[PDB]
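Trainee: Before I ask anything, here is the structure I am working with.
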Amino acid sequence: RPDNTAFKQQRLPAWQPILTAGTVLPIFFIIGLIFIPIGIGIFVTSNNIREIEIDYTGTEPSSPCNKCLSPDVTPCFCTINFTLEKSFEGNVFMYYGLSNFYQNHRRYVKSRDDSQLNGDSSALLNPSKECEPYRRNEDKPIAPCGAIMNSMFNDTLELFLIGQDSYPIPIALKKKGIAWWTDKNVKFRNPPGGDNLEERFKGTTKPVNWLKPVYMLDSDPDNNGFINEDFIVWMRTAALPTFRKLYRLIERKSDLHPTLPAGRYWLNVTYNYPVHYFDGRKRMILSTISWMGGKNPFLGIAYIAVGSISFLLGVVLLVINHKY
Amino acid sequence: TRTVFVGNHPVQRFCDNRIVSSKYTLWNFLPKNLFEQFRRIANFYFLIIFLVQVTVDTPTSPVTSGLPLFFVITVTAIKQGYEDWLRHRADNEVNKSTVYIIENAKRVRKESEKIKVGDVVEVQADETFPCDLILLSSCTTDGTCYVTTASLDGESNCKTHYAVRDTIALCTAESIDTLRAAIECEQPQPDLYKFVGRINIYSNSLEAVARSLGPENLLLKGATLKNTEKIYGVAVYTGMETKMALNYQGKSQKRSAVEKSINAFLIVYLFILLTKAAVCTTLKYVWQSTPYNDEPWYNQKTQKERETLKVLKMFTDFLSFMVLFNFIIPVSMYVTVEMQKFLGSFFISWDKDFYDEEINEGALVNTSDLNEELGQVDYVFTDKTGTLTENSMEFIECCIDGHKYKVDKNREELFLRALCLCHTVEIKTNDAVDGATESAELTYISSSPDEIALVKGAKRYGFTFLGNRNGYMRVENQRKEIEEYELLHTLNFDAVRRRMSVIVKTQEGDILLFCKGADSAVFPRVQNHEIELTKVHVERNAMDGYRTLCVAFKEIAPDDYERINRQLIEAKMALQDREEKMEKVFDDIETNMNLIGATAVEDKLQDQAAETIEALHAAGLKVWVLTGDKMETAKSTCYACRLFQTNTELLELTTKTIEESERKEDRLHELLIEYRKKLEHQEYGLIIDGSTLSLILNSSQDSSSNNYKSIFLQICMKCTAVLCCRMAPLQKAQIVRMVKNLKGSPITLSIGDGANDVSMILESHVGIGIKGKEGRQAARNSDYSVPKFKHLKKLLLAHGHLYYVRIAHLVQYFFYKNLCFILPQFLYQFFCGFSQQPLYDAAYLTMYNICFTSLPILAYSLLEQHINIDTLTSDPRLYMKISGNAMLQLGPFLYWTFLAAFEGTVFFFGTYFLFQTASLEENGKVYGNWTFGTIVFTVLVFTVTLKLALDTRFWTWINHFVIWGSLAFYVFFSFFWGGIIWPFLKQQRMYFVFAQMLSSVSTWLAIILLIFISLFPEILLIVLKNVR
Ligand SMILES: Nc1ncnc2c1ncn2[C@@H]1O[C@H](COP(=O)(O)OP(=O)(O)CP(=O)(O)O)[C@@H](O)[C@H]1O
Ligand SMILES: *[C@@H]1O[C@H](CO)[C@@H](O)[C@H](O[C@@H]2O[C@H](CO)[C@@H](O)[C@H](O)[C@H]2NC(C)=O)[C@H]1NC(C)=O
Ligand SMILES: *[C@@H]1O[C@H](CO)[C@@H](O)[C@H](O)[C@H]1NC(C)=O
């Protein structure tokens, strides 16, 4: 009489998986065969990626350009010698790291007005109440308001190749295409309408620290206003104190030559961005790239430390079980 | 103590008949519902954390703490609100039906809500009652009209009530004729079975007939009338005072053992969510000690914030590091753990095995809360007669004057008269086809089978009872002589006394006083010189395992009767303590009875009532038995019941060993310490009495050096099976208490059959009412009910277990789900300037606790059997022992936690080392911090779920759709929310975070691994437990 439905009787069609030792021991020996062929598969593509980080912060009495670690004429000029042992083959990328620069600071991550950079005309002339400390100077609206876009890393690097003679061959750098294409054509747009990138900025001005207006960051109209890669890559926050943001990438020449022939080079940095104050270093990381990304050992030493500690207990299990 | 008048006019001061079963209304719903929620800890705390977000300037927008709190409410209010509205629309029906009244010679047709106290009602057949009437007359004479209380206590037979003699003549004869009466009844008591009243009808000129009343005249409000044409009643209670309506309240039992742990975890978290704040505040104002390490020229403190009183600012932080870690208290537990119970309690009412064919009904769960309290019992107080042995008695081997009749007609003939009288048989009035059956229809309808087997016995001999015809009684004494007997007083039976009696008047002579009852309570009042002659017989018939009952008559002298008669009736009109004041009037009426002969009735065991009790033992319970029959009998049915193996060194405390005041203790301490303290294991069981017991508990205040009771109790815990014979109706309660209150809180599961057991079922942690033959007085109070005893096995093990392992692994996971989700966001308050920068987004702080990972734990809550429901009831070895609440004890709890911490750390530090690379994609680009949220999130939603897919040992088709139905949701949400949802937002901070967190082939290998290294401390216990 009571409902003999499949469910109410509480005996629905089950799977009932029998998880037991005799049927789980292979669970260890099945991975060990599949991680290690990766833990080592990766570890190879890691140590086969050459990099170099030329700490050029200063603070070194023998540092080549300590001369301008202190306040001097704005256009300082460093020059750092360094030698490449194993030439780079592929197309190399040139980062510019940092340290103790807490770009992830709740009081410093809110400091962007994301709806302005997107190009919302009305929002432009009167930015939000979030980029407060750098919102209005001289009672005027700032185009890229907020601390984040304000303290935009503003020193120019350069690399020269020293041939047999003393004349250094200038290495060619590229700047376009260094920011996520997703947030370089969709999330950052110039003001609504205009022809010359200046007019569009009528009531706004430059930030406090900056030296030139945003409509003059570059001549190429495709990169000037709120689209400047240098600017974009500076906005996506650091995600950690010790970070490093893409600066410029050298496209691997079509020919079969090493994009970076070994030897010693010249690195003359127009030192402008001062970080000695908060005890923050600076660097310039040159690097290649493999499908894994940039040189990083962790993924390697991790797999090989898991793909060989699971595949071991199985032994101590397989041997302990039969002996009982 | 009240007063009434039939026509409301003698020779509004009372309640009004509108039954309001609901609790809320159409106006005070919110101000009541909300409060009844926000008084709960976790539903209130989350409120504070809302205000603090609306006034103070805090990291996470108010949405991420007001939505997952406004939702968990709106989904409880609706259910808890609607589920109520069912009553309103239900109620409105009952108290808005048609019920005719009699104003003045008028058969008015009013609404059942309009009735007032003291006014004539009318009722046809098949119709429910308007209110508690007092049957005053029916269409026919005999003033009788059956009733079927099929809605109050679940009874399904046709009981028979009685009208008032002095009024039976009134039927359509204009009873409205200013009919005088005074209906005084004790203020409405919800006992539903006792009713003390009185009537003072007035004749034409003068009359004060004091026609006493009784429960046999009350017609409850809701007992469908049956087998009659119509009646006329006089309302006495008018709704919300009626006996039924008072019985909506039994909530003072739903305090499970898994409802305080849920309150011992929070009290922990609420004391961890501070350390997580204090330890992470101090480190800030100690970190900011550096002068440049704050506002180092690249985030200049907003001028205002600079001029703030330091101490105050030292507050707004500590109030920020709660609003930022508040998620460490599960917000959506007080809806799941309730939605579970509701959606998952019926299972104990549908299981076909809880369905006896005969009773044509199944189990019944009268409490949707104590479910989880079944896989906890540690003491099981069965009842011998009614549960262990169905009530089908067969009179065999009587004994008259110790002659064991098979004397001739000097006293034997009298004896038979005793059997056929002094009872409440009430043979089936209707007449069936007689001539084809054995004798006739002759179907006896009574409640106490202890006698229905007697009558059927005498029916095997000469005499036979077939009467109760018009105040008389008919019998056939081996020939054709109806031999009417005039019944005068039917002294109802009362357990506390163990004797029912009847005072008949010999049709052609003097009076007689028949009576019967247990020997231990009939012998004290006898011509003692006759006891031993028959005592031995009553021993054997008991010694072999038959019920026993003695019967004796005492001729009364007429001159003496009037004293009794007056003394008897006058002992009824007393409205105060009637039953007591009455009980005591005839307790001295059975002064000295001339014993005639004893009787013996046999009983049968149930289907598995001998197999079950062999299971319970193997399950670890300590089954007791609280009988009421003679000691010998219980000791006999016990062996058969199989709770006393062949070799068990009993420790009996019967009257046969303690016939003194001090003797026992001497014997007590002996067989306790020198007998059961110096030491298969079951070698010892106990046996007590209703007298030997009372001496111990009540009289324990003497030897305060080593108190008697404190000694006795000590034996209880160390005896696997104990008995209790000659138990009174209340001593079956003092026992429970005396046990419940010792060495912790042993969860006592009692199980009764009839009225006698109402005194413990209402007292033990979780009653079990067996709806048997006697009645539903037991099954209506019990939390559950099962129309058998063989079911108490499939109930405890096969359900009491799953209804625990289905929650113990919910209140656990429902915490570990969070203490991981909020650990990273605490570490990441180390590699940031302690500026409370929420690691995750905000769209991933509301969702995660209501949408991403809500269902997968509900699914595993309702439908799951970590051990096949067959292998669990077919093997009681430990599966009711492996969980003695251990699933939530301090041992396991802090394992999950020390599993969150690890599985928590590996989430963050597992990622941190992964962002020492300078890039992860192949184009060489970089990854922001938000892309540090989804990683350490997408690696979260894939663990707190999979960690379940390593626990579900019963994969139905739902689980397959929920678990893989949340994951494949998450991986979609981030794809949609990720994309264009700009217009109304203000941040566009996660515009394309996810879609780029997947195009980095070197990222998966971090997820596909960080998952494993987080589960590897779980994939191990499987192996280390499936190996031995
Ligand atoms: N009609 C009757 N005639 C004589 N004695 C009766 C009787 N009805 C009840 N009794 C007495 O009442 C006692 C009831 O026993 P008690 O209630 O203590 O245990 P029990 O065996 O009845 C279990 P349960 O209460 O579930 O039926 C019996 O010992 C019996 O002698
Ligand atoms: C580059 O940006 C850094 C940021 O600290 C800044 O120090 C350099 O000089 C600053 O120029 C700003 C005014 O034009 C303003 O920030 C300030 O005068 C000066 N630095 C200080 C001490 O505040 C910037 N250099 C360039 C090229 O403008
Ligand atoms: C780098 O800059 C210097 C500035 O003097 C300039 O001579 C040349 O462009 C580079 N190399 C040297 C010589 O420093």
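No value in this document is a laboratory result; all are computed from the given coordinates. Positions of Cβ are backbone-derived with ideal geometry, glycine not excepted, and every protein chain shown enters the neighbour counts.
Trainee: Hey, got the Cα dimensions of region A:216-318 along the principal axes, in Å, largest first?
Mentor: For region A:216-318, the Cα extents along the three principal axes come out at 70, 43, 31 Å.
Trainee: Something else now. If you bin every alpha carbon distance in region A:53-289 into 5 Å steps from zero, what whole percent lands in each bin?
Mentor: 1, 6, 12, 16, 17, 16, 13, 9, 6, 3, 1, 0
Trainee: Taking 1 over the mean of 1/r across every pair of different Cα atoms in region A:187-251, what Kirkwood radius in Å do you get?
Mentor: Working: mean 1/r = 0.0742 Å⁻¹.
It works out to 13.5 Å.
Trainee: What percentages, rounded to whole numbers, describe P(r) for chain B computed over all alpha carbon pairs with 10 Å bin width beginning at zero?
Mentor: All Cα pairs, binned at 10 Å, distribute as 2, 9, 15, 17, 16, 14, 10, 8, 5, 3, 1, 0, 0 percent.
Trainee: To continue, here is another question. For region B:281-329, what's the radius of gyration and Dmax over Cα atoms, in angstrom?
Mentor: When restricted to the Cα atoms of region B:281-329, Rg and Dmax are 12.5, 38 Å.
Trainee: For B:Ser704 and B:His866 in one chain, what is 0.36 nm times their gap in residues minus the Cα-Cα distance, to one decimal in nm?
Mentor: My answer for the length gained is 53.3 nm.
Trainee: Quickly work out the B:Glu530-to-B:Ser97 label distance, labels modelled 7 Å from Cα along the C-beta direction, and quote it in nm with one decimal.
Mentor: Distance between the two pseudo-spin positions: 5.4 nm.
Trainee: Please give the FRET efficiency for A:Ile30 paired with A:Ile171, using the beta carbon to beta carbon distance and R0 = 56 Å, rounded to the nearest 0.05.
Mentor: Computed FRET efficiency for A:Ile30 and A:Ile171 comes out at 0.70.
Trainee: With N set to the residue count of the protein assembly as shown, report its C-alpha Rg divided by 2.2 N^0.38 Å to two decimal places.
Mentor: 1.30
Trainee: Counting other beta carbons within 10 Å of each Cβ, put B:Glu508, B:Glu649 in order, fewest first.
Mentor: Fewest to most other Cβ atoms nearby, the residues stand as B:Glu508, B:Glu649.
Trainee: Over region B:698-805, what per residue volume does the convex hull of the Cα atoms give, in whole Å³?
Mentor: It comes to 122 Å³ per residue, whole-number rounded.
Trainee: Averaged across the residues of A:230-243, what count of C-beta atoms belonging to other chains lies within 10 Å of each residue's C-beta?
Mentor: 4
Trainee: A further question on this structure: If you take each beta carbon of peptide A:289-302 and count the beta carbons of other chains within 10 angstrom, what is the mean?
Mentor: Numbers: counts 7, 2, 5, 9, 15, 9, 4, 9, 3, 8, 9, 0, 1, 8.
Mean inter-chain Cβ contacts per residue within 10 Å come to 6.
Trainee: Can you sort A:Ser219, B:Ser501, B:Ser874, B:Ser446 from fewest to most other Cβ atoms within 10 Å of each residue's own Cβ?
Mentor: On the way: A:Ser219 7, B:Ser501 21, B:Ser874 12, B:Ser446 16.
Ranking A:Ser219, B:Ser501, B:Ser874, B:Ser446 by Cβ neighbours within 10 Å, fewest first, gives A:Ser219, B:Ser874, B:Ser446, B:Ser501.
Trainee: Would you kindly calculate the mean projected area, averaged across all directions, of the convex hull enclosing the Cα atoms of region B:635-780, in square nanometres? Kindly include the intermediate steps, with their values, before the conclusion.
Mentor: Details: hull surface 38.8 nm².
Averaging across all directions leaves 9.7 nm² for the Cα convex hull.
Trainee: If you take each beta carbon of peptide A:107-118 and count the beta carbons of other chains within 10 angstrom, what is the mean?
Mentor: 5
Trainee: Provide the FRET efficiency to the nearest 0.05 for the B:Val268-B:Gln714 pair, computing r from the beta carbons and using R0 = 45 Å.
Mentor: 0.80
Trainee: Okay, next question. Show me the three semi-axes of the equivalent ellipsoid for region B:375-499, from the C-alpha gyration tensor (sqrt of 5 times each eigenvalue), largest first, rounded to whole Å.
Mentor: Computed over region B:375-499, the values are 30, 19, 16 Å.
Trainee: Based on Cα positions only, what radius of gyration and what Dmax would you give for region B:137-216, in angstroms?
Mentor: According to the Cα coordinates of region B:137-216, Rg and Dmax are 14.6, 46 Å.
Trainee: A follow-up question, please. Given the convex hull of the Cα atoms of region A:174-224, what is a quarter of its surface area in nm²?
Mentor: 4.4 nm²
Trainee: Sticking with this one: Name the most mobile residue of A:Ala238, A:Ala21, A:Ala262, meaning the one with the largest mean-square fluctuation, in a Gaussian network model of chain A with Cα contacts below 10 Å.
Mentor: A:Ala21
Trainee: Under 19 Å from a point placed 7 Å out from the Cα of B:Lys194 along the Cα-to-Cβ direction: which residues of region B:704-737 have their backbone N that close?
Mentor: Counting backbone N atoms under 19 Å from the label point, the list is B:728-734.
Trainee: What are the ³J(HN,Hα) couplings of region B:886-902, residue after residue, when phi is run through the Karplus curve with 6.51, -1.76, 1.60 and θ = phi - 60°? Round to Hz, x for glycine and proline.
Mentor: 4, 5, 10, 5, 5, x, x, 3, 6, 7, 3, 3, 5, 9, 5, 3, 4
Trainee: Among B:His960, B:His801, what is the fewest-to-most ranking by other Cβ atoms within 10 Å?
Mentor: Least to most surrounded, the residues fall as B:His960, B:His801.
Trainee: When the Cα centres of region B:925-974 and region B:274-293 are compared, how far apart do they sit, in Å?
Mentor: Going from one Cα centre to the other spans 34 Å.
Trainee: Oh, and also: Could I have the simple spin-label model distance between A:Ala21 and A:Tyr273, label points 7 Å from Cα toward Cβ, reported in nm to one decimal?
Mentor: Going from the A:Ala21 label point to the A:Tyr273 one covers 5.9 nm.
Trainee: To continue, here is another question. What's the ranking of A:162-173, B:115-126, B:782-793 by average number of surrounding C-beta atoms within 10 Å, highest first?
Mentor: Final packing ranking: B:782-793, B:115-126, A:162-173.
Trainee: Still on this structure: If one computes the Cα centroid of region B:174-221 and of region B:524-548, what distance in Å separates the two points?
Mentor: 44 Å
Trainee: Now for a separate question. Under 1.5 on a/c is rounded, so check that first for region B:840-899, then, if it is not, pick prolate when a/b is larger than b/c and oblate when it is not; a ≥ b ≥ c are the square roots of the alpha carbon gyration tensor eigenvalues.
Mentor: On the way: a/c = 4.91, a/b = 1.82, b/c = 2.70.
Judged from the Cα gyration tensor, region B:840-899 comes out oblate (a/c at least 1.5, b/c at or above a/b).
Trainee: Length gain on complete extension for the stretch B:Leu86 to B:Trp297, per 0.36 nm per residue less the alpha carbon to alpha carbon distance?
Mentor: Between B:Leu86 and B:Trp297, full extension yields 69.4 nm more.
Trainee: Between their Cα atoms, which of B:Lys428/B:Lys572; A:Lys176/A:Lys282; B:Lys535/B:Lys622; B:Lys535/B:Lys572 are more than 31 Å away from each other?
Mentor: Over 31 Å apart, Cα to Cα: B:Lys535/B:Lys622; B:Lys535/B:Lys572.
Trainee: Could you work out the relative contact order of chain A, using alpha carbon pairs under 8 angstrom and six or more residues apart, expressed as a whole percent?
Mentor: Values: 539 pairs, mean separation 121.6, N = 324.
38 percent.
Trainee: Still on this structure: What does a probe at A:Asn48 reach in region A:282-324, counting residues whose amide N is under 12 Å from the point 7 Å along Cα→Cβ?
Mentor: Counting only backbone N, you get A:290-292.
Trainee: Show me B:106-113, B:293-300 ranked by packing, highest mean number of other Cβ atoms within 10 Å first.
Mentor: B:293-300, B:106-113
Trainee: Quick one: if the Förster radius is 22 Å, what FRET efficiency do B:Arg211 and B:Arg566 give, using the C-beta to C-beta distance and rounding to 0.05?
Mentor: According to the calculation, E is roughly 0.90.
Trainee: Something else: I'd like to compare A:241-249, B:430-438, B:875-883: which one has the highest average count of other Cβ atoms within 10 Å, and what's the full order after that?
Mentor: Highest-to-lowest ranking by the protection proxy: A:241-249, B:875-883, B:430-438.
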